[PDB]
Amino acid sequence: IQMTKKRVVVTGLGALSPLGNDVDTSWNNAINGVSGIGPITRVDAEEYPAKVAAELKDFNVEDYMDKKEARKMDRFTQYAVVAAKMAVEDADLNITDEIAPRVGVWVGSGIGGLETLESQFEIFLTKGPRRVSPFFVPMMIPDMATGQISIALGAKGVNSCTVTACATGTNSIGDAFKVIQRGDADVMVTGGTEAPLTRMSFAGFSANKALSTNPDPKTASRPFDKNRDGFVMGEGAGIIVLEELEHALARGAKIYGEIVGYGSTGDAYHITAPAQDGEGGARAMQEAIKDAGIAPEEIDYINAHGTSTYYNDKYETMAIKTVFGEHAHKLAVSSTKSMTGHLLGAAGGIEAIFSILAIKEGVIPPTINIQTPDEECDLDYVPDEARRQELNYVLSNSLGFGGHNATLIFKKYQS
């Protein structure tokens, strides 16, 4: 018995990010080096050492659905549904009864409905268990983003949700890519979503000192900079439509590019500390390269994990050098987190969009805020300004707590 190996193309993009309430706004702001970082308004910033966050700007859920529908969705689900409908509309895909069992959904979330859980548990403690919402359980579960997307779209195919901390979006896309490659779906609506700007998330990330305590939004998120002191938390959703090539061509779909490689490894080291020298991340990049059937020298641009944390940025630099050798100083590396902040489970989704758009548009987005170069972080980070360049291959990296490492490789579409 032999494996089916279908070609998988990107036919639609949808997004909500601190840089815009659609792909066009997000992409244009990213290539112009616009920061989505400002003072915290979502929660009371006085209680936490962290004073800045990357929030959605002027997002009103009622512009997309009824108040009654929105009331039964946590922010993480609202973002996923809005971005998925945006991606399908962009793909110009008509999900009929005929194709519905061949159209699936694979969207992840790092934590799901944390705000709902906090509000509902606070109701339990002060008002008693009978006052708990009949919809608390489905609203909270991370897989409800996939569930609500499938209902909104009429998508009846492969239906799943990957939860792998900050590697969530990258793994979800990789998993959906594998579904199409083996012929188990013709279309997959995939990516990540996150609404982590909550009391427990700010308390939790302050307790483990992962968050930047820099009160200046102009210098808070500075990946690879000598003075980096933790990440700046963001929110949103990045959803893409993956499609089997012949299916896309037959319907006259527009093609942004092709997904060719996916790598997944575990550090098997520590619950929160990444492996020394980023060895696991190096292995995940190598698996994705082997999956794509290319030489490492073929990678033109790396959309780095680059969170603006001491260890991660240093280890990611080391991992790139291990994988690419002499080609490491020849490629371009950039972290869009310098502008969007860290979207956690949605990071991989938004960064896959930027990686795909980098190939289609031939523009590398920059890493902003690098003022003090770090001798340990000496690669080409495309500082301050976007670079116009024809790209053939783009690599996107992610990692998460529990030692998860995930890598995706995108390729310029050629017939």
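Numbers for residues come from their place in the sequence shown, where the first is 1.
For the pair 316-324 and 189-197, the mean B factor over Cα atoms is greater in 316-324. Of the two segments examined, 154-162 and 200-208, it is 200-208 that shows the higher average Cα temperature factor in the deposited entry. Per the PDB record, residue ranking by Cα B-factor puts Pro101 in the lowest third of the chain. Ranked within its chain, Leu395 lands in the middle third, by CA B factor from the PDB record.
Among all modelled residues in this chain, the alpha-carbon of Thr25 has a temperature factor (C-alpha) in the highest third. Among all modelled residues in its chain, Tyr256 ranks in the middle third by Cα B-factor. In the PDB entry, a CA B factor belonging to the highest third of its chain's modelled residues is recorded for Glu297.
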